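For reference, the structure is listed below as structure tokens.
The sequence lines fix the lettering, A, B, ..., with proteins before strands; numbering per chain opens at 1.
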Amino acid sequence: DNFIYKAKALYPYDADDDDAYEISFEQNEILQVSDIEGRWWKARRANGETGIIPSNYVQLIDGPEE
Amino acid sequence: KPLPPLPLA
């Protein structure tokens with residue numbers, strides 16, 4: 001449903017240019033995430049960047065929130 | 001799509 005969560009990156013990730021729906025992030029960066037039922041999650045960075053992320057690279061730290 | 005391997009620990 002509508003829930004958003006907060007995740008902390010355990011490691012950096014560099015998205016490929018070839019798969020242009022992924023986003024990169026830094027180790028210890030806090031991300032807002034949703035659609036966490038599967039392996040690739042929807043993320044938003046503080047800078048407004050939006051895309052999908054590998055869920056094994058992050059840890060859930062807060063949520064759910066409406 | 002498979003998940004990437006975790007980096008070096």
Side-chain angles (χ1 to χ4, degrees), chain A residues 1 3-66, chain B:
Chain A
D1 214 70
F3 292 146
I4 75 187
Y5 300 86
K6 200 190 290 184
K8 188 173 196 168
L10 297 167
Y11 330 88
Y13 186 63
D14 281 2
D16 254 296
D17 236 45
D18 284 315
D19 30 77
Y21 299 137
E22 290 175 27
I23 58 167
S24 301
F25 52 84
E26 259 87 76
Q27 184 173 202
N28 301 135
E29 183 170 347
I30 305 313
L31 300 158
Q32 299 174 251
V33 302
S34 68
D35 276 290
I36 69 168
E37 290 94 348
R39 289 151 190 171
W40 290 83
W41 297 355
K42 300 180 187 303
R44 175 171 46 235
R45 304 183 73 182
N47 67 8
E49 282 188 38
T50 270
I52 60 165
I53 62 153
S55 55
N56 57 331
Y57 274 64
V58 308
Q59 186 186 204
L60 252 16
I61 58 161
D62 219 344
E65 270 306 294
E66 212 79 297
Chain B
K1 190 184 192 293
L3 289 168
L6 283 184
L8 218 293

Spatial distance of atom [atom1] ([X]) from atom [atom2] ([Y]) [nearest 0.5 Å]:
X	Y	atom1	atom2	value
A:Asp35	A:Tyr5	CG	OH	10.0 Å
A:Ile23	A:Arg44	CD1	CZ	10.0 Å
A:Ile30	A:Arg45	CD1	CZ	12.0 Å
A:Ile4	A:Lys42	CD1	NZ	14.0 Å

(message) Ignoring hydrogens, what is the shortest heavy-atom contact between A:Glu29 and A:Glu26? Give both atom names and the distance.
(response) OE1-N, 2.9 Å
(request) Taking all non-hydrogen atoms of both residues into account, name the closest pair between B:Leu6 and A:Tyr11 and its distance. (result)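 In terms of heavy atoms, the two residues are closest at CD2-CE1, 3.4 Å.
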Taking distance alone, no hydrogens or angles, what donor-acceptor pairs closer than 3.5 Å link side-chain atoms of residues 50-62 of chain A to residues at least two apart or in another chain?
residue	atom	partner	partner atom	Å
A:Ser55	OG	A:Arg39	O	2.5
A:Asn56	ND2	B:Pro4	O	2.9
A:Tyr57	OH	B:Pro5	O	2.7

(request) Mind checking side-chain hydrogen bond (donor to acceptor under 3.5 Å, both in side chains) for A:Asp14 and listing every partner two or more places apart, or none if nothing turns up? (result)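 Listed in chain order: nothing, the list is empty.
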(request) For the residue pair A:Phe25 and A:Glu49, establish whether any side-chain heavy-atom pair is separated by less than 4.5 Å. (result) no
(message) Can you tell me if A:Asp16 has over 12 outside heavy atoms packed within less than 6.0 Å of its CG?
(response) yes
